[PDB]
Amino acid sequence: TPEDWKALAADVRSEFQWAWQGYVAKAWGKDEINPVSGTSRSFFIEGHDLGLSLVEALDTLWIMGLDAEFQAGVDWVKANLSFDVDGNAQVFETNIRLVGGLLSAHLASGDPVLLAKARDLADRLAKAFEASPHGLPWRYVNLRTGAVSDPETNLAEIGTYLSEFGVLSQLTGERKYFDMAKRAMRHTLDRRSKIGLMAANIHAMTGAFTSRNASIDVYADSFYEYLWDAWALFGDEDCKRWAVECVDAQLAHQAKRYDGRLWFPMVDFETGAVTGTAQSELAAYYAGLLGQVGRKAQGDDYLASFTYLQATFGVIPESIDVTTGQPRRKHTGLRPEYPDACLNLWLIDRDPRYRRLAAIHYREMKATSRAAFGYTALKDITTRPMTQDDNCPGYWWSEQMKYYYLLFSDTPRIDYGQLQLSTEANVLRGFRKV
């Protein structure tokens, strides 16, 4: 019997609403729910929660037509959320989760307060960029005082701002945000090796690389997304060029086959010698990026490596050894990158294969991660049954339930031709208001 995609979408929505009810009951205004114990935890600043999961959920709720829930969340933000806090926030996570989550909720609703708050937060983050003579952000900033800490940063944490900051520039009229984000990316691109790669680790004050490892994976990942995304969102010609050049260099020097499967291990950024054998589950975003930049066959080949992991292990292992294709770790982070890739590739030509694969992933999530008050990360994927930890990461609220719903629902609330998603799946273009 053919899959009833609309029924599956309705199931995703039902499960999301059920999870939201758990959040309201156990973690209202708090950063994350721990859905096994039915408690909450902080994310950015211990003991000074910022409603993280609530903010992350907002655009998802609106897209699903969970309007009462959306408005309850928006109304909480408007009454309660502020960033004048004497504590250190990680600049990267704060931008993609809170600035981006407020922006997508603003674009869905039109509510000016959500933009005001996004902009206030971005101005606090800007101090981290201003503290570097290169415009490379320090990793942490005190939200009240502007004091910075830890300049030993990485491509992802210097280069995952241009989508949110560029949208701020469009909405506010002030070019400073776009300019600040782009300058940091240009810094590392200008320091590409002769083979077109950047090392993943960089110092905000010296402006120099602090390792020799080029990566598509953790430390680097979303830098490469945001090059393409800035072309798509802003028509930036430099970013269009850079996106394709960077991916070309990765395909030339990092694409390696092991046991017939495509992987992208770390390599020396100048010599191309392989320098690692690990691949994170988090690398699966790259299958979608490959399609976006005009390398779809390569993207499908890379997706197939993760499809192998899903078919073999049920849940994709958090990290694997590329030389054996086996897990390196047994726990998980309830990770969204497989349906991320499926949605991004499906947006190209609507091939139902991607729906098939994402449905496996959703059903596996239901079979493994469901807990009393929501969905949780896993302790051990190798035992039967798989054992659970006790945490619903904030990104779950923005990412995989949205990906599944967008893949299955054909919702009239999104213009699928104009849809743009941040690395946190915040919708930054494509809302069709009712």
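Don't overthink the numbering: it's just position in the shown sequence, from 1.
The stretch 192-200 shows the higher mean C-alpha B-factor when 192-200 is compared against 161-169 in the entry. Remark: stretch with higher mean C-alpha B factor among 27-35 and 381-389 is 381-389. In the PDB entry, the Cα temperature factor peaks, among 265, 314, 336, 299, at 265. The top Cα temperature factor in the record, among 111, 238, 225, 93, falls on 238. Compared with the other modelled residues of the chain, the Cα B-factor recorded for residue 45 ranks in the highest third. Per the deposited record, the Cα B-factor of residue 99 falls in the lowest third when ranked against the other modelled residues of its chain. Residue 424 sits in the lowest third of its chain by CA B factor, as recorded in the PDB entry. Ranked by C-alpha B-factor against the other modelled residues of its chain, residue 327 falls in the highest third. Among all modelled residues in this chain, the alpha-carbon of residue 353 has a temperature factor (C-alpha) in the highest third.
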